[PDB]
């Protein structure tokens, strides 16, 4: 499938360190080793986890077109990878060259990939980088060539997609053009919540040409939903139709192809998490602290960029006038793997999740923003535009300045927070993939 391609994902931080080591300035090849976890869902994703730099002095020969792999650094990589059968990717630079593997590279790989597989029974591979930072990679199974990596990607402040070469033109597209659609057609988007905002995110993702669209929601269409959920009908409400099934069918009719994957479940489930982990981008549109935390942990664990959107209309009672709107607000948060998280930004806290679960049990035992499509659309359009701006930069300022966006329609103000202003906690789950218990939550354990 156009939505079954494999992935090698590096964090921005690891990629920056790698590029700096591979291009010291003397124009000679240099070497490094990436040790990766894997997620083997509908597509294979290699998740860069550890980096070993091969010192220049340790390489018996370094020239502008060759580097000798010191055997003991292969062994050091085997020693890191052995316990969890991690994938080992050997990387070298092509200063003054091109992103093409040479005959020497092929013949070297034939030797080194057999050594790596004898050390660790796992998929391994090799990669090359040019000075710009762009990479190509390929994988070897049982120590013998299997396949190129379709996509090497880094979701930084800007999102970088480096595609395996084809005979067709593959220039980076400009925002809002048809090359944009070409990129999106090879990507998978996950919509968490087919909500007031999420149905609008999903509509845009569909019409922008994304190749696979996961829809995650356990809720149903109701009469109260009809003022907000795109594509929903009165008939849908009268049969309490699941939101994900309604929207999957809409996408099928819009696109002429069954490219949506409806998951009728809460995001707090093994089913939803394992499906979402396959995606190339997460859009979190569920207005609970729990859901935002799950999305946060998926994004870190599986190295997926995350866009989180919320809106609010707080009200108060005025002594003289009665109930009044207090404010009308929206928030868009972009989270890059290894950058500050939703937790760091206090979008949720342990206490807020605790109180929210208690209140849900109180509401269960016992058993103001009613018409808000305009606000939902104002926020959801900004949310998807943020993804476009990071894939195909078009703003007059660096994308890092817009890491958080807050707007008020009552105060007619919009403010931006730069990534560098956000304190970061230690991120223990980065690139751990599906290590059990899933996301560190025993409730999701196997």
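Residue numbers count along the first chain shown, from 1.
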Unmodelled deposited residues between residue 367 and residue 368, binned: 10 or more
Per the entry, higher mean C-alpha B factor between 210 to 218 and 106 to 114: 106 to 114
Mean temperature factor over C-alpha atoms, higher-scoring stretch between 197 to 205 and 355 to 363: 355 to 363
Candidate set 378, 45, 390, 28 [ranked by C-alpha B-factor, highest]: 28
Which of 164, 271, 318, 157 ranks first by CA B-factor in the deposited coordinates: 318
Residue 140 - Cα temperature factor, lowest/middle/highest third of chain: middle
Residue 325 CA temperature factor, ranked by third within the chain: highest
Within-chain third of residue 243 by Cα B-factor, per the entry: lowest
Residue 418 - Cα temperature factor, lowest/middle/highest third of chain: middle
CA B-factor ranking of residue 15, expressed as a third of its chain: lowest
